[PDB]
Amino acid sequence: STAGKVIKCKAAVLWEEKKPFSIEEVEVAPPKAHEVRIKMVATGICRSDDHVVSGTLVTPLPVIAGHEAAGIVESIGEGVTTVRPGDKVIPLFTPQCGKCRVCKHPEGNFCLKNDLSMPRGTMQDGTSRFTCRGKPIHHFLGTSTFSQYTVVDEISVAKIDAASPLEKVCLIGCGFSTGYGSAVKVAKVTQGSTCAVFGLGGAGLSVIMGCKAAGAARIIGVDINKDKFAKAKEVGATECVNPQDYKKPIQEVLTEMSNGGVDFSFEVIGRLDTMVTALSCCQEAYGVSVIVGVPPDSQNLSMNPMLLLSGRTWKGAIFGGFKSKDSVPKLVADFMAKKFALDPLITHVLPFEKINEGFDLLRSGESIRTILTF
């Protein structure tokens, strides 16, 4: 039995920025009250994890990163009522405490208990459950999924269907839900509309999926890497454009293509310039632009507010606007009912031990999602 005991297990530790993960033994403390210890089954390599490595996203180091995953509960702390040992679960990088003003709001999802705004890299109690070589190791977004075992707060975990294929549904923990919700919930894409999606990685493909599910008539994918175009078309893009192919700025090209601007645009990259371009390519009087990409730490963009005065709406969201704990189980049920597909996102499957090779695939442009299996 492991319950109540420290577990020694394998994890991928990031000791400092811009270095490979170190795959080595860590100690995972047992869960305290209202905490849940999970044996990981599969975890995705999301660009946001790479942002931790690159310094784009600041969070305390050393750290166990990873936030898109699925696993099986090993044990529960005192007071846990929402999961039990043996349950399949998805950790929630945006928590749902159910008590804060955001949780209580019909349209809010960015729960005040999140560890994204002002990252501390701990459990909710301000402490860590991880040690490595005698040193405390930070958590990441209350999840820390690049480990054979993690400990999360109850507010940061959802129970899912016992029959779920964990090596696919982990993607509901981040990339699928983010992109899909950004289209269907945050933008509220309408039937017959024209959409433009900047960035055709895992999140941008999931935006396309949502735009298509919402009935868009035209979905224009934009990427500088033309190798991304075939899969974008497969999941619903009606046309793809590479900014590098054009003498004019791509906002001008997209405005022309759409006979005066798109209905809905999405920035799914994380660059300041593309955020402004994406805003500008939506129709000036009634267009809506949604920022999904994570910007480089502490940098501001510059823009002319006449873009908004004319009538545009600009918004952003975390996790597709989904209230995480309510939504994740429903999304998994929807997947099991064949309401959407996840296979188009998965290009590589590797053992956990090959995490660095998985990150190399992302960085080279060669993958959409690598799933790591424990």
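The first residue of the shown sequence is 1; numbering continues from there.
Undergrad: Per the entry, where is the mean C-alpha temperature factor higher: 150-158 or 116-124?
TA: For C-alpha atoms only, the mean B-factor is higher in 116-124.
Undergrad: Select between 125-133 and 260-268 the stretch whose C-alpha atoms have the higher average B-factor in the entry.
TA: If you average the C-alpha B-factors of 125-133 and of 260-268, the larger mean comes out for 125-133.
Undergrad: Whose C-alpha has the highest temperature factor in the PDB entry: 58, 307, 332, 69?
TA: Checking the PDB record, the top C-alpha B-factor among 58, 307, 332, 69 is at 58.
Undergrad: Quiz for you: based on the deposited Cα B-factor, which of 36, 46, 317, 328 is highest?
TA: Answer, based on the entry's C-alpha B-factors: 46.
Undergrad: Place residue 344 in the lowest, middle or highest third of its chain's C-alpha B-factors, as listed in the PDB entry.
TA: Residue 344: CA B-factor falls in the middle third of its chain.
Undergrad: Is residue 98 in the lowest, middle or highest third of its chain when residues are ranked by C-alpha B-factor?
TA: As the PDB entry reports it, the C-alpha B-factor of residue 98 lands in the highest third of its chain.
Undergrad: Taking the C-alpha B-factors as the PDB entry records them, is residue 287 in the lowest, middle or highest third of its chain?
TA: Lowest third.
Undergrad: Divide the modelled residues of the chain into thirds by Cα B-factor and specify which third, lowest, middle or highest, holds residue 104.
TA: Ranked within chain, residue 104 CA B lands in the middle tercile.
Undergrad: Going by the entry, which third of its chain does the Cα temperature factor of residue 51 land in?
TA: Its C-alpha B-factor, which the entry lists for residue 51, ranks in the middle third among residues of this chain.
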